[PDB]
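Structure file protein.cif; described as mmCIF, C-alpha atoms and all ligand atoms; chains and numbers go by the auth columns.
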data_my_file
#
loop_
_atom_site.group_PDB
_atom_site.id
_atom_site.type_symbol
_atom_site.label_atom_id
_atom_site.label_comp_id
_atom_site.label_asym_id
_atom_site.label_seq_id
_atom_site.Cartn_x
_atom_site.Cartn_y
_atom_site.Cartn_z
_atom_site.B_iso_or_equiv
_atom_site.auth_seq_id
_atom_site.auth_asym_id
ATOM 1 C CA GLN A 1 207.832 66.566 33.928 0.00 1142 H
ATOM 2 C CA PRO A 2 205.948 65.707 30.709 0.00 1143 H
ATOM 3 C CA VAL A 3 202.761 67.651 30.038 0.00 1144 H
ATOM 4 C CA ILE A 4 201.254 65.804 27.072 0.00 1145 H
ATOM 5 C CA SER A 5 200.519 62.081 26.695 0.00 1146 H
ATOM 6 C CA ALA A 6 202.680 59.801 24.514 0.00 1147 H
ATOM 7 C CA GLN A 7 199.682 59.404 22.175 0.00 1148 H
ATOM 8 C CA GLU A 8 199.156 63.180 21.919 0.00 1149 H
ATOM 9 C CA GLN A 9 202.857 63.420 20.973 0.00 1150 H
ATOM 10 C CA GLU A 10 202.383 60.833 18.197 0.00 1151 H
ATOM 11 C CA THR A 11 199.200 62.547 16.954 0.00 1152 H
ATOM 12 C CA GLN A 12 200.932 65.916 16.646 0.00 1153 H
ATOM 13 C CA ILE A 13 203.755 64.403 14.617 0.00 1154 H
ATOM 14 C CA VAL A 14 201.369 62.537 12.278 0.00 1155 H
ATOM 15 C CA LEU A 15 199.099 65.566 11.790 0.00 1156 H
ATOM 16 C CA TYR A 16 202.073 67.841 11.220 0.00 1157 H
ATOM 17 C CA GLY A 17 203.177 65.648 8.267 0.00 1158 H
ATOM 18 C CA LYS A 18 199.649 65.767 6.805 0.00 1159 H
ATOM 19 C CA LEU A 19 199.727 69.589 7.082 0.00 1160 H
ATOM 20 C CA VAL A 20 203.129 69.803 5.358 0.00 1161 H
ATOM 21 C CA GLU A 21 201.735 67.865 2.372 0.00 1162 H
ATOM 22 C CA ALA A 22 198.502 69.874 2.449 0.00 1163 H
ATOM 23 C CA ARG A 23 200.543 73.104 2.523 0.00 1164 H
ATOM 24 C CA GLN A 24 202.611 72.018 -0.479 0.00 1165 H
ATOM 25 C CA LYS A 25 199.384 70.958 -2.217 0.00 1166 H
ATOM 26 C CA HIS A 26 197.450 74.234 -1.837 0.00 1167 H
ATOM 27 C CA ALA A 27 200.356 76.682 -2.004 0.00 1168 H
ATOM 28 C CA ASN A 28 200.940 75.180 -5.448 0.00 1169 H
ATOM 29 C CA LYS A 29 197.270 75.674 -6.427 0.00 1170 H
ATOM 30 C CA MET A 30 197.363 79.319 -5.274 0.00 1171 H
ATOM 31 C CA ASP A 31 200.789 80.041 -6.820 0.00 1172 H
ATOM 32 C CA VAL A 32 202.408 80.984 -3.500 0.00 1173 H
ATOM 33 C CA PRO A 33 205.586 79.606 -1.907 0.00 1174 H
ATOM 34 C CA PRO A 34 204.526 77.126 0.832 0.00 1175 H
ATOM 35 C CA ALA A 35 206.256 79.194 3.560 0.00 1176 H
ATOM 36 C CA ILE A 36 204.272 82.261 2.424 0.00 1177 H
ATOM 37 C CA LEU A 37 201.070 80.243 2.831 0.00 1178 H
ATOM 38 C CA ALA A 38 202.188 79.000 6.277 0.00 1179 H
ATOM 39 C CA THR A 39 205.538 78.770 8.030 0.00 1180 H
ATOM 40 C CA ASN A 40 206.622 75.525 9.765 0.00 1181 H
ATOM 41 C CA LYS A 41 206.064 77.375 13.072 0.00 1182 H
ATOM 42 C CA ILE A 42 202.413 78.055 12.139 0.00 1183 H
ATOM 43 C CA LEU A 43 202.042 74.396 11.144 0.00 1184 H
ATOM 44 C CA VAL A 44 203.383 73.210 14.529 0.00 1185 H
ATOM 45 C CA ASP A 45 200.840 75.461 16.299 0.00 1186 H
ATOM 46 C CA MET A 46 198.068 74.100 14.089 0.00 1187 H
ATOM 47 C CA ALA A 47 199.108 70.524 15.012 0.00 1188 H
ATOM 48 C CA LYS A 48 199.062 71.238 18.761 0.00 1189 H
ATOM 49 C CA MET A 49 195.995 73.459 18.972 0.00 1190 H
ATOM 50 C CA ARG A 50 194.065 71.966 16.037 0.00 1191 H
ATOM 51 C CA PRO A 51 191.747 74.788 14.931 0.00 1192 H
ATOM 52 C CA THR A 52 188.852 73.601 12.804 0.00 1193 H
ATOM 53 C CA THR A 53 187.520 77.109 12.136 0.00 1194 H
ATOM 54 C CA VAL A 54 188.555 80.449 10.653 0.00 1195 H
ATOM 55 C CA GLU A 55 187.933 82.191 14.016 0.00 1196 H
ATOM 56 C CA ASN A 56 190.044 79.640 15.921 0.00 1197 H
ATOM 57 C CA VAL A 57 192.909 79.617 13.369 0.00 1198 H
ATOM 58 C CA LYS A 58 193.020 83.424 13.658 0.00 1199 H
ATOM 59 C CA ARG A 59 193.968 82.897 17.294 0.00 1200 H
ATOM 60 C CA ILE A 60 197.316 81.457 16.140 0.00 1201 H
ATOM 61 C CA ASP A 61 200.341 83.783 16.079 0.00 1202 H
ATOM 62 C CA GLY A 62 201.001 85.033 12.525 0.00 1203 H
ATOM 63 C CA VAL A 63 197.590 84.173 11.055 0.00 1204 H
ATOM 64 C CA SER A 64 195.550 87.122 9.778 0.00 1205 H
ATOM 65 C CA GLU A 65 191.906 87.004 8.702 0.00 1206 H
ATOM 66 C CA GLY A 66 192.776 86.861 4.989 0.00 1207 H
ATOM 67 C CA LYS A 67 195.442 84.244 5.680 0.00 1208 H
ATOM 68 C CA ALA A 68 192.793 82.263 7.593 0.00 1209 H
ATOM 69 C CA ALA A 69 190.752 82.021 4.377 0.00 1210 H
ATOM 70 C CA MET A 70 193.857 80.749 2.562 0.00 1211 H
ATOM 71 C CA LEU A 71 194.380 78.073 5.222 0.00 1212 H
ATOM 72 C CA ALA A 72 190.852 76.642 4.859 0.00 1213 H
ATOM 73 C CA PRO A 73 191.821 73.330 3.183 0.00 1214 H
ATOM 74 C CA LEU A 74 194.312 72.755 6.054 0.00 1215 H
ATOM 75 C CA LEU A 75 191.491 73.256 8.599 0.00 1216 H
ATOM 76 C CA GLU A 76 189.623 70.583 6.664 0.00 1217 H
ATOM 77 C CA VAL A 77 192.580 68.192 6.950 0.00 1218 H
ATOM 78 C CA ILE A 78 192.578 68.812 10.725 0.00 1219 H
ATOM 79 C CA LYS A 79 188.857 68.253 11.285 0.00 1220 H
ATOM 80 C CA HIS A 80 188.747 65.073 9.155 0.00 1221 H
ATOM 81 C CA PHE A 81 191.894 63.603 10.750 0.00 1222 H
ATOM 82 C CA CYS A 82 190.619 64.286 14.254 0.00 1223 H
ATOM 83 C CA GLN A 83 187.231 62.764 13.364 0.00 1224 H
ATOM 84 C CA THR A 84 188.755 59.563 11.939 0.00 1225 H
ATOM 85 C CA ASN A 85 191.039 59.159 14.927 0.00 1226 H
ATOM 86 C CA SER A 86 189.503 60.153 18.257 0.00 1227 H
ATOM 87 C CA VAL A 87 191.312 63.334 19.054 0.00 1228 H
ATOM 88 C CA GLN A 88 190.205 66.602 20.631 0.00 1229 H
ATOM 89 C CA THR A 89 190.282 69.668 18.410 0.00 1230 H
ATOM 90 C CA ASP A 90 190.376 73.415 19.019 0.00 1231 H
ATOM 91 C CA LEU A 91 192.568 73.346 22.124 0.00 1232 H
ATOM 92 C CA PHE A 92 191.967 77.022 22.912 0.00 1233 H
ATOM 93 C CA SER A 93 191.007 78.699 26.201 0.00 1234 H
ATOM 94 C CA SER A 94 187.633 79.702 24.585 0.00 1235 H
HETATM 95 CL CL CL B . 204.418 63.060 9.959 0.00 1 E
#
Final structure tokens representation of the file:
Amino acid sequence: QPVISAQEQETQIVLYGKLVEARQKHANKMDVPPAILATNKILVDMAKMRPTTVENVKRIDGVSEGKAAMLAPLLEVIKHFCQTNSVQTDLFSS
């Protein structure tokens, strides 16, 4: 019945919270509402699929090329978090 591990489930929740804060942080810097920078739905997808690149984050529903550039600090949060812990990134069919 379950598809992911209990640890994967934890990881996604923890990363999601880091992305929420990162979203609030940068959206402020850029003078955009956080939801305009990235919706919660986009943040969930980023927590599950964990892109670390502009090309990979463009593979997420709702992310354009120019939006990908705006989401760059969030990609940094992902790659660092996954490095510190020991978690696979870029879960795409590549
Ligand atoms: Cl969290």
### Task
Give as number ranges by chain the residues that the PyMOL selection byres (((not hetatm)) within 6 of (chain E and resi 1)) matches when applied to the coordinates above.
H: 1154-1155, 1157-1158
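Under the PyMOL selection byres (((chain H and resi 1211-1216) around 7) and not hetatm), the matching residues in the shown file are residues 1160, 1163, 1192, 1193, 1194, 1207, 1208, 1209, 1210, 1217, 1218, 1219 and 1220 of chain H.
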### Task
Find the residues near residue H:1153: any atom within 9 Å, counting only C-alpha atoms, skip ones fewer than 5 places away on the same chain, and give them as a count of residues only.
5
### Query
Contacts of residue H:1232 at 9 Å or less, counting only C-alpha atoms, minus same-chain residues fewer than 2 places along, as a list in words?
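Near residue H:1232, the qualifying residues are residues 1189, 1190, 1191, 1192, 1229, 1230, 1234 and 1235 of chain H.
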### Task
Go ahead and compute the interatomic distance for atom CA of residue H:1179 and atom CA of residue H:1201, in Å to one decimal.
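Separation of atom CA of residue H:1179 and atom CA of residue H:1201: 11.3 Å.
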### Query
Written as JSON, numbers by chain, which residues does the PyMOL selection byres (((chain H and resi 1180) around 12) and not hetatm) give for the file shown?
{"H": [1157, 1160, 1161, 1164, 1165, 1168, 1174, 1175, 1176, 1177, 1178, 1179, 1181, 1182, 1183, 1184, 1185, 1186, 1187, 1201, 1202, 1203, 1204, 1208, 1212]}
## Note on the structure
The distance between atom CA of residue H:1197 and atom CA of residue H:1150 is 21.3 Å
### Query
Hey, can you check how far atom CA of residue H:1149 sits from atom CA of residue H:1228?
8.4 Å
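With distances restricted to all atoms listed in the file, H:1233 is the closest residue to residue H:1196 from H:1225, H:1233, H:1144, H:1172.
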Output: stretch 1184-1229 of chain H of the preceding structure, restricted to N, CA and C atoms, written as a CSV table (one decimal), in the first residue's frame.
chain,number,residue,atom,x,y,z
H,1184,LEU,N,5.9,24.0,-4.2
H,1184,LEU,CA,6.8,23.6,-3.1
H,1184,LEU,C,6.7,22.2,-2.7
H,1185,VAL,N,5.5,21.6,-2.7
H,1185,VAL,CA,5.3,20.2,-2.4
H,1185,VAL,C,6.1,19.3,-3.5
H,1186,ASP,N,5.9,19.7,-4.8
H,1186,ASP,CA,6.6,19.0,-5.9
H,1186,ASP,C,8.1,19.1,-5.7
H,1187,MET,N,8.6,20.3,-5.4
H,1187,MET,CA,10.0,20.5,-5.1
H,1187,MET,C,10.5,19.6,-4.0
H,1188,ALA,N,9.7,19.4,-3.0
H,1188,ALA,CA,10.1,18.6,-1.8
H,1188,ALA,C,10.1,17.1,-2.1
H,1189,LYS,N,9.3,16.6,-3.1
H,1189,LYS,CA,9.2,15.2,-3.4
H,1189,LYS,C,10.3,14.9,-4.5
H,1190,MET,N,10.4,15.8,-5.5
H,1190,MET,CA,11.2,15.5,-6.6
H,1190,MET,C,12.6,16.1,-6.5
H,1191,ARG,N,12.8,17.1,-5.6
H,1191,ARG,CA,14.1,17.7,-5.3
H,1191,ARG,C,15.0,18.1,-6.4
H,1192,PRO,N,14.5,19.0,-7.3
H,1192,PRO,CA,15.4,19.5,-8.4
H,1192,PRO,C,16.6,20.2,-7.7
H,1193,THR,N,17.8,20.1,-8.3
H,1193,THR,CA,18.9,20.9,-7.8
H,1193,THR,C,19.4,21.8,-9.0
H,1194,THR,N,18.7,21.8,-10.1
H,1194,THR,CA,19.0,22.6,-11.3
H,1194,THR,C,17.9,23.3,-11.9
H,1195,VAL,N,18.2,24.3,-12.7
H,1195,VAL,CA,17.2,25.1,-13.4
H,1195,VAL,C,16.5,24.2,-14.5
H,1196,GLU,N,17.2,23.3,-15.2
H,1196,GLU,CA,16.6,22.4,-16.1
H,1196,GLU,C,15.6,21.4,-15.5
H,1197,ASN,N,16.0,20.8,-14.3
H,1197,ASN,CA,15.2,19.9,-13.6
H,1197,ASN,C,14.0,20.6,-12.9
H,1198,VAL,N,14.1,21.8,-12.4
H,1198,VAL,CA,13.0,22.5,-11.8
H,1198,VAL,C,12.0,23.0,-12.8
H,1199,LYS,N,12.4,23.1,-14.1
H,1199,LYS,CA,11.5,23.5,-15.2
H,1199,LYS,C,10.7,22.3,-15.6
H,1200,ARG,N,11.0,21.1,-15.0
H,1200,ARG,CA,10.2,19.9,-15.3
H,1200,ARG,C,9.0,19.8,-14.4
H,1201,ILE,N,8.9,20.7,-13.4
H,1201,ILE,CA,7.8,20.8,-12.5
H,1201,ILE,C,6.7,21.7,-13.0
H,1202,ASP,N,5.4,21.1,-12.9
H,1202,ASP,CA,4.2,21.8,-13.4
H,1202,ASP,C,4.1,23.2,-12.8
H,1203,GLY,N,4.0,24.2,-13.7
H,1203,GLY,CA,3.8,25.6,-13.3
H,1203,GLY,C,5.1,26.4,-13.2
H,1204,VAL,N,6.3,25.8,-13.4
H,1204,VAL,CA,7.5,26.5,-13.4
H,1204,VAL,C,8.0,26.7,-14.9
H,1205,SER,N,8.1,28.0,-15.2
H,1205,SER,CA,8.6,28.5,-16.5
H,1205,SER,C,10.1,28.6,-16.4
H,1206,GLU,N,10.8,29.0,-17.5
H,1206,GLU,CA,12.2,29.2,-17.5
H,1206,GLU,C,12.6,30.4,-16.6
H,1207,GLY,N,11.9,31.5,-16.8
H,1207,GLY,CA,12.1,32.7,-16.0
H,1207,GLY,C,11.8,32.6,-14.5
H,1208,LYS,N,10.8,31.8,-14.3
H,1208,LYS,CA,10.5,31.4,-12.9
H,1208,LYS,C,11.6,30.6,-12.3
H,1209,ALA,N,12.1,29.7,-13.1
H,1209,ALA,CA,13.2,28.8,-12.6
H,1209,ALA,C,14.4,29.7,-12.1
H,1210,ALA,N,14.7,30.7,-12.8
H,1210,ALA,CA,15.8,31.7,-12.3
H,1210,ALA,C,15.4,32.3,-11.0
H,1211,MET,N,14.1,32.6,-10.8
H,1211,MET,CA,13.7,33.2,-9.6
H,1211,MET,C,13.7,32.2,-8.4
H,1212,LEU,N,13.7,30.9,-8.7
H,1212,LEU,CA,13.6,29.9,-7.7
H,1212,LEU,C,15.0,29.3,-7.3
H,1213,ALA,N,16.0,30.0,-7.8
H,1213,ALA,CA,17.4,29.5,-7.7
H,1213,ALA,C,17.9,29.4,-6.2
H,1214,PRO,N,17.6,30.4,-5.3
H,1214,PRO,CA,18.0,30.1,-3.9
H,1214,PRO,C,17.3,28.9,-3.3
H,1215,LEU,N,16.1,28.6,-3.7
H,1215,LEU,CA,15.4,27.4,-3.2
H,1215,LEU,C,16.0,26.1,-3.7
H,1216,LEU,N,16.5,26.1,-4.9
H,1216,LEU,CA,17.3,25.0,-5.4
H,1216,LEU,C,18.6,24.8,-4.6
H,1217,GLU,N,19.1,25.9,-4.1
H,1217,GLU,CA,20.3,25.8,-3.2
H,1217,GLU,C,20.0,25.2,-1.9
H,1218,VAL,N,18.8,25.6,-1.3
H,1218,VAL,CA,18.4,25.0,-0.1
H,1218,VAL,C,18.2,23.5,-0.2
H,1219,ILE,N,17.7,23.1,-1.3
H,1219,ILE,CA,17.5,21.6,-1.6
H,1219,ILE,C,18.8,20.9,-1.7
H,1220,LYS,N,19.7,21.4,-2.5
H,1220,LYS,CA,21.0,20.7,-2.7
H,1220,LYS,C,21.8,20.6,-1.4
H,1221,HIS,N,21.8,21.7,-0.6
H,1221,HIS,CA,22.6,21.7,0.6
H,1221,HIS,C,21.9,20.7,1.7
H,1222,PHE,N,20.6,20.8,1.8
H,1222,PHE,CA,19.9,19.9,2.7
H,1222,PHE,C,20.1,18.5,2.4
H,1223,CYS,N,20.0,18.1,1.1
H,1223,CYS,CA,20.2,16.7,0.7
H,1223,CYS,C,21.6,16.3,0.9
H,1224,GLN,N,22.6,17.2,0.8
H,1224,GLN,CA,24.0,16.9,1.0
H,1224,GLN,C,24.3,16.6,2.5
H,1225,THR,N,23.7,17.4,3.3
H,1225,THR,CA,23.9,17.3,4.8
H,1225,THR,C,23.3,16.1,5.4
H,1226,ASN,N,22.1,15.8,4.9
H,1226,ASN,CA,21.4,14.5,5.2
H,1226,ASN,C,21.9,13.6,4.1
H,1227,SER,N,21.3,12.4,4.0
H,1227,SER,CA,21.9,11.6,2.9
H,1227,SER,C,20.8,11.2,1.9
H,1228,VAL,N,20.3,12.2,1.3
H,1228,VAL,CA,19.0,12.0,0.5
H,1228,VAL,C,19.2,12.2,-1.0
H,1229,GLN,N,18.6,11.3,-1.8
H,1229,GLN,CA,18.6,11.4,-3.2
H,1229,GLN,C,17.9,12.7,-3.7
